[PDB]
Amino acid sequence: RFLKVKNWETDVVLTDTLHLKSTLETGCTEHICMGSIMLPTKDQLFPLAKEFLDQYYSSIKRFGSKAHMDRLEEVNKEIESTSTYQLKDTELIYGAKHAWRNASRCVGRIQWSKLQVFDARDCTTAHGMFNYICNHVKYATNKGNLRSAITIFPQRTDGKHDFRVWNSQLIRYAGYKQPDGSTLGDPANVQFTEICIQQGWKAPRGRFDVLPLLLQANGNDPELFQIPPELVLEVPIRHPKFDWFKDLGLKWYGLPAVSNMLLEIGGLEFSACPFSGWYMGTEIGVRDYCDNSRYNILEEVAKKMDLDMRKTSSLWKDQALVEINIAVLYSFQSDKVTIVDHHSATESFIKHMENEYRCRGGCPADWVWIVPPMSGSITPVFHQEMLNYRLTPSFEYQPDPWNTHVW
Amino acid sequence: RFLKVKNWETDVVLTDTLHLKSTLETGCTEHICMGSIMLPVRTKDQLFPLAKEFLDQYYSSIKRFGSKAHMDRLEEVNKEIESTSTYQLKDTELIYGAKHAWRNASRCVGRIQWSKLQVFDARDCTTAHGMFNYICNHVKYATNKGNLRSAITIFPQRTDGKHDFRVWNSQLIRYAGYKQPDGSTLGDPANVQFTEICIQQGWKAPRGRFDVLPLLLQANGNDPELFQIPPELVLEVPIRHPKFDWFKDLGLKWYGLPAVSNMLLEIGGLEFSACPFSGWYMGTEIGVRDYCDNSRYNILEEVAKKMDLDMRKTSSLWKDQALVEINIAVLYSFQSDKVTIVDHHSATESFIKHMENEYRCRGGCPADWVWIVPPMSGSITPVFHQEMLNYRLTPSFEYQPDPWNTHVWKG
Ligand code: HEM
Ligand code: HEM
Ligand SMILES: Cc1cc(N)nc(CCc2cc(N)cc(CCc3cc(C)cc(N)n3)c2)c1
Ligand SMILES: Cc1cc(N)nc(CCc2cc(N)cc(CCc3cc(C)cc(N)n3)c2)c1
Ligand SMILES: [Cl-]
Ligand SMILES: [Cl-]
Ligand SMILES: [Cl-]
Ligand SMILES: [Cl-]
Ligand SMILES: [Zn+2]
Ligand SMILES: [Zn+2]
Ligand SMILES: [Zn+2]
């Protein structure tokens, strides 16, 4: 009921009391831990509404006030009548900021209160969606000086009028299977690229083709739109000491913008809610460049470095991995595009977590994701025990729309 | 029930049925996952089912389930429990149990080797002097002049909890740590408390950076006694780097035999509180944890200085660069001196092959991702993208409290 977490580097011990407000399931049981599994009605809605409105009213120091009670009744009334309800703007901004606050897999949550929420609940068409998105992209990008944002489209109704961004991120590179058997571009986006072509996109068939947006308004069939190239800030990748690095032909985009998740606030479901921040360097240099199912360039970089690749024990993979990550950071910094390295991001997070422990009573965190995908042990999060539990408002996974949408 | 795990690199999906045999708890609930928490006398009543469980597994493994030998063994154990409150394992059962506790060790990446464990039965041991002899023998055998062999030594089981055998050392071989008055630490900061006990017990500390600790050994619940391991039995490797000639002048060395001696072995409900076991090192345990943890030798700054990296900002990745160089050094030194060691790529690759084979033949392989993923370069190893299920099978190794915390002193 009071839970202790220890830091094995500093001996510091912290007490979590926030977990007693956990609600959704973890996937784990007393018999089996699923901590490393990536995906482990009117009657239903009012409790969720109440739970949310109670936390909102508590947060502005107005708990049990007539204004609190009157909103509970109003929402109760509207649920009884319409089977759903509408959030006040203040509630929407609170709910969104808190869904980020509660994202146990996010190392960047120190920034959670500074989120810019764009309310797009008046949107009715895919063209309208496209406009809201370009606006979000321009605002978030800010000529390289990135600002966090989320844009919130209309909430689910019957579940057959869903708004969805079919892209998994607003900005991402196409993937194509070649007669050769190999893959050109990003292998992660092969499927989504084919649907784009099936829908009518003229693919440039290159290595770094920014995908078009495929947008679904009001449950209608989704539509293609090209983001104005001038709004997609990209960074060519060079290394501060290896001149040959640039020749590998590498570049990436400055804006990480997740667009396939669902935002849940007070039982209400926001199926299109793209949100963006800025990159931690390892996301591009370790995952995007170096996963075997991604650009997979470790081999080619190690070769240009003339490392000995005869035996794994030379740590050639590791040497190359560092230099690739050095080059990413260097390139973003030289072009004045916001980026954070994993030492700085995790130090910031440990500061955030201690802040949350004193002020909120805990900070749900998923160690498997919070510890960076390289040099884990030499970052201050490795030795930090974490408790992982689900608080609402939250971001949730949802299935890809092509598996569900009826044409 | 069937449980699926996926590999996000290869899309290979595996099905777990072995979790149905799980017992003890994880610490987790449907409301809270404690997957990253490091640590979240038995009655006749609880003992016979534990024994039966174990002997059913044992007789299955040998294709003799339900046999006359099986049933006679259940009955023989049952009555021994009735009349003595405990029972004795056959040697065959002990070997099987120990091998399985390793096979079931969800935090161990080295499990491909589980079936080749040399088991030394020390249940006839009665004194600390006897323990010391058993341990020197274990060390000499396991070390094998640098061609390392896995081994475990098993001392008598717990009886009433007042007569425990305990190795007070957390590992058989480890370096002393000394807190200086100015607040610095000489040698290994992990062993300061234990070093202090040793000294209090009469150990004459050399007070150097790499002093091999004496063994502190408790037999039959008696006060523990000090013994120095013969230096000729302690294999050590001077650490140097294949390209950087100044690396040797850091004065680093490490011991070749990792030998955990503070855990408890549970088999068939019996508790073996002194069961030191050893294998060989994965390079990162020395180069990442032992050398570069801030609470350990903490040499990252010194190495980076000598390399003349840009240390003005974390974003040059100077710490990562030095980390890789130190780990390169450790593996190069070990290989050159022909002392068994495994790099993290080869170890995790072997583990994945082990794990898949365990799914085919056993219906699962419980694994703790937090420990299985190496402490550097996680994502470029094949375990990072591997979903794992963590649950507890017996026989097992368990944590137990440090003995200076519970021991009743006799004087
Ligand atoms: C401001 C800069 C931000 C940074 C540096 C950052 C960092 C990260 C990282 C590194 C991960 C996954 C671990 C990895 O990729 O290695 C992640 C996950 C996540 N973040 Fe952030 N984040 C930022 C902003 C945001 C914002 C603005 C939101 C929402 C408003 C958000 C919500 C999430 C969620 C829901 C996940 C989990 C995604 C999933 O389960 O797939 N983050 N974050
Ligand atoms: C043969 C070579 C072996 C290798 C390379 C190896 C490797 C490792 C590593 C790397 C870890 C923890 C992860 C880390 O420290 O970064 C570990 C943990 C562990 N291994 Fe092994 N292992 C070996 C042999 C053994 C043997 C012989 C046993 C027992 C019979 C054993 C049982 C365990 C246990 C119980 C843990 C968890 C320790 C704890 O919770 O503190 N391993 N192993
Ligand atoms: C808003 C925001 C900003 C920012 N800078 N970064 C993000 C996360 C984006 C992200 C995108 C993808 N495709 C995969 C992962 C990790 C996928 C993963 C992680 C682990 C630990 C294991 C595994 N199998 N997969 C993270 C969001
Ligand atoms: C028999 C054997 C052979 C072999 N090569 N290695 C071992 C494991 C030895 C070991 C010893 C210590 N002191 C700490 C750890 C990990 C400590 C740790 C890991 C993680 C993931 C987090 C954390 N806080 N602490 C492991 C046993
Ligand atoms: Cl990405
Ligand atoms: Cl990934
Ligand atoms: Cl160690
Ligand atoms: Cl550690
Ligand atoms: Zn769990
Ligand atoms: Zn990856
Ligand atoms: Zn450590």
Side-chain angles (χ1 to χ4, degrees), chain A residues 286 290-292 296 298-299 301-303 305 307-322 373-377, chain B residues 7 9-10 12 102-103 105-117 142 144 146-150 237 239 241-242 254 256-258 278-292 323-359 365 367-386 388:
Chain A
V286 185
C290 296
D291 279 0
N292 287 326
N296 186 221
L298 262 190
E299 288 221 16
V301 175
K303 289 199 144 51
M305 290 176 67
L307 301 172
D308 173 74
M309 298 167 70
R310 282 189 286 191
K311 6 148 288 143
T312 56
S313 44
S314 73
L315 316 185
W316 65 267
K317 276 179 160 137
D318 306 73
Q319 295 220 273
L321 180 69
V322 174
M374 70 179 299
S375 301
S377 172
Chain B
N7 188 293
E9 201 77 295
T10 66
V12 171
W102 188 10
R103 194 182 185 177
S106 65
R107 297 173 162 176
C108 178
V109 74
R111 286 181 286 168
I112 189 166
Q113 291 292 326
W114 71 272
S115 71
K116 294 125 171 197
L117 173 59
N144 189 29
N147 181 199
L148 272 57
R149 304 181 279 199
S150 306
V237 180
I239 300 315
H241 191 270
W254 205 258
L257 187 69
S278 58
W280 52 84
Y281 270 116
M282 179 164 86
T284 54
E285 300 182 77
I286 309 169
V288 188
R289 174 173 68 246
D290 298 340
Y291 286 160
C292 292
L323 183 58
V324 173
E325 292 311 330
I326 288 146
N327 277 273
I328 274 164
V330 170
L331 293 162
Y332 172 70
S333 295
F334 270 63
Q335 277 150 192
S336 295
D337 284 355
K338 305 189 151 87
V339 176
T340 305
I341 197 175
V342 67
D343 68 70
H344 56 288
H345 306 287
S346 156
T348 54
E349 188 177 20
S350 289
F351 179 78
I352 285 292
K353 292 173 168 196
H354 170 61
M355 188 199 178
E356 287 166 333
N357 183 55
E358 295 283 78
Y359 275 80
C365 177
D368 179 345
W369 187 105
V370 172
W371 285 57
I372 292 291
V373 174
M376 69 182 271
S377 299
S379 178
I380 61 167
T381 74
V383 293
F384 185 91
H385 302 82
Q386 183 62 61
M388 294 166 198

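We name chains A, B, ... by the order of the sequence lines, and we start the count at 1 in each one. FYI, side chains are in, hydrogens and waters are out, and symmetry mates aren't considered; it's all heavy atoms of this structure.
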> Please confirm whether the backbone N or O of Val339(B) pairs with a side-chain atom of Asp337(B), one donor and one acceptor, at under 3.5 Å?
no
> Between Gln319(A) and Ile328(B), is the side-chain contact (heavy atoms from CB on, under 4.5 Å) condition met? List the steps.
CA-CA 10 Å; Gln319(A) 295 220 273; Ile328(B) 274 164; 3.6 Å; yes
> Please indicate whether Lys353(B) has more than 12 foreign heavy atoms, meaning atoms of other residues, nucleotides or ligands, lying under 6.0 Å from its NZ.
no
> Closest heavy-atom contact between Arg310(A) and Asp308(A)?
NE-OD1, 3.0 Å
> Please name all residues satisfying side-chain contact (heavy atoms from CB on, under 4.5 Å) with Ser336(B), sequence neighbours left out, ordered by chain then number.
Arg240(B), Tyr332(B)
> Please report the interatomic distance OG(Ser333(B)) to CD1(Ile239(B)), rounded to the nearest 0.5 Å.
4.0 Å
> I'd like to check the side-chain contact (heavy atoms from CB on, under 4.5 Å) partners of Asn296(A); sequence neighbours left out, ordered by chain and number.
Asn292(A)
> Find the distance between CG (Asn327(B)) and NE2 (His241(B)) and round it off to the nearest 0.5 Å.
10.0 Å
> Tell me, which pairs form a salt bridge (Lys or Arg N to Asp or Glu O under 4.0 Å) where one or both residues lie in residues 281-290 of chain B, sequence neighbours left out?
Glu285(B)-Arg289(B), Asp290(B)-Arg296(B)
> Quick check: closest heavy atoms across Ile341(B) and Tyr281(B), and the distance to 0.1 Å?
CG1-O, 3.3 Å
> Considering only distance and modelled atom types, tabulate donor-acceptor pairs under 3.5 Å from the side chains of residues 376-385 of chain B, sequence neighbours left out.
residue   : atom : partner   : partner atom : Å
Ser377(B) : OG   : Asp318(A) : OD2          : 2.5
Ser379(B) : OG   : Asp291(A) : OD1          : 3.2
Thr381(B) : OG1  : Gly378(B) : O            : 2.9
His385(B) : NE2  : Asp291(A) : OD1          : 3.2
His385(B) : NE2  : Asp291(A) : OD2          : 3.1

> Would the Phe334(B) and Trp254(B) ring centres measure less than 6.0 Å apart?
no
> Might you point out which heavy atoms bring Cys292(B) and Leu323(B) nearest each other, and give the distance in Å?
SG-CD1, 3.8 Å
> Quick check: closest heavy atoms across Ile372(B) and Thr348(B), and the distance to 0.1 Å?
O-CG2, 4.4 Å
> Any heavy-atom pair between the side chains of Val330(B) and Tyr291(B) that's under 4.5 Å?
yes
> Among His354(B), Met388(B), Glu356(B), which one satisfies side chain to side chain contact (heavy atoms under 4.5 Å, CB included) with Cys365(B)?
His354(B)
> Not counting sequence neighbours, which residues clear side-chain contact (heavy atoms from CB on, under 4.5 Å) with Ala347(B)? List them please.
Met282(B), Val342(B)
> Do any N or O atoms from the side chain of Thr340(B) and from the backbone of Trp280(B) form a donor-acceptor pair under 3.5 angstrom?
no
> Using modelled atom types and a 3.5 Å cut-off, is there a donor and acceptor pairing between side-chain atoms of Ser314(A) and backbone atoms of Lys311(A)?
yes
> For the residue pair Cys108(B) and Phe351(B), what are the closest heavy atoms and their distance?
O-CE1, 3.8 Å
> Could you tell me which residues satisfy side chain to side chain donor-acceptor pair (under 3.5 Å) with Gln386(B), sequence neighbours excluded, listed by chain and number?
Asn7(B)
> Would you call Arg107(B) and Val370(B) a side-chain contact if the rule is heavy atoms closer than 4.5 Å?
no
> Measure the OG1-NE2 distance between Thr312(A) and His344(B) for me, rounded to the nearest 0.5 Å.
8.5 Å
> If every non-hydrogen atom of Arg111(B) is compared with every non-hydrogen atom of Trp102(B), which pair is closest and at what distance?
CD-O, 3.1 Å
